């Protein structure tokens, strides 16, 4: 499913992401936008390390979820990667919360660093009444 901007904003707020670990809702929105275009079915296979990024937040199969196809998988979220390809993002958000508890935090995603970090991101939540 491809979420509409404000629909996702409201969902993330409802799941307690606004201010999670000091990160604003607009920053989480900016991450989702540049990572998957708000698409829960997005997957990106990296031939280099044979790992795949899954879902709306593009969570990696080498460290966080298990897809049974990547070498050196750690499965830190104790979750099958297929749960990150659902229309309901509850599972994905629970894993995301674990992912950002690591030292790098949200800076783990290069796209976020390149397109969101230190920039005006107020546009992502404008008019959503959140």
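Numbering (my numbering), first residue to last: 2 to 131. Every residue, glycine too, gets a C-beta built ideally from N, C-alpha and C.
Cβ pair residue i, residue j closer than 8 Å
| i | j | result |
| --- | --- | --- |
| residue 110 | residue 32 | yes |
| residue 1 | residue 120 | What is shown of the chain runs 2 to 131, which leaves residue 1 out entirely. |
| residue 95 | residue 36 | no |
| residue 86 | residue 41 | yes |
| residue 54 | residue 67 | no |
| residue 16 | residue 91 | yes |
Between the CA atoms of residue j and residue i - distance to the nearest angstrom
| i | j | result |
| --- | --- | --- |
| residue 9 | residue 39 | 8 Å |
| residue 6 | residue 22 | 22 Å |
| residue 18 | residue 106 | 14 Å |
| residue 52 | residue 62 | 6 Å |
| residue 103 | residue 122 | 23 Å |
| residue 4 | residue 84 | 17 Å |
| residue 81 | residue 49 | 22 Å |
| residue 24 | residue 72 | 32 Å |
| residue 124 | residue 117 | 11 Å |
| residue 56 | residue 34 | 12 Å |
Proximity to residue i [Cα-Cα], best of the options
| i | options | result |
| --- | --- | --- |
| residue 12 | 77, 53 and 89 | 89 |
| residue 93 | 124, 122 and 58 | 58 |
| residue 65 | 125, 100, 130 and 29 | 100 |
| residue 43 | 68, 2, 80 and 81 | 2 |
| residue 47 | 29, 70 and 34 | 70 |
Secondary structure of residue i, DSSP reduced to three states
| i | result |
| --- | --- |
| residue 60 | strand |
| residue 41 | coil |
| residue 54 | strand |
| residue 25 | coil |
| residue 115 | helix |
| residue 75 | coil |
| residue 126 | helix |
| residue 3 | strand |
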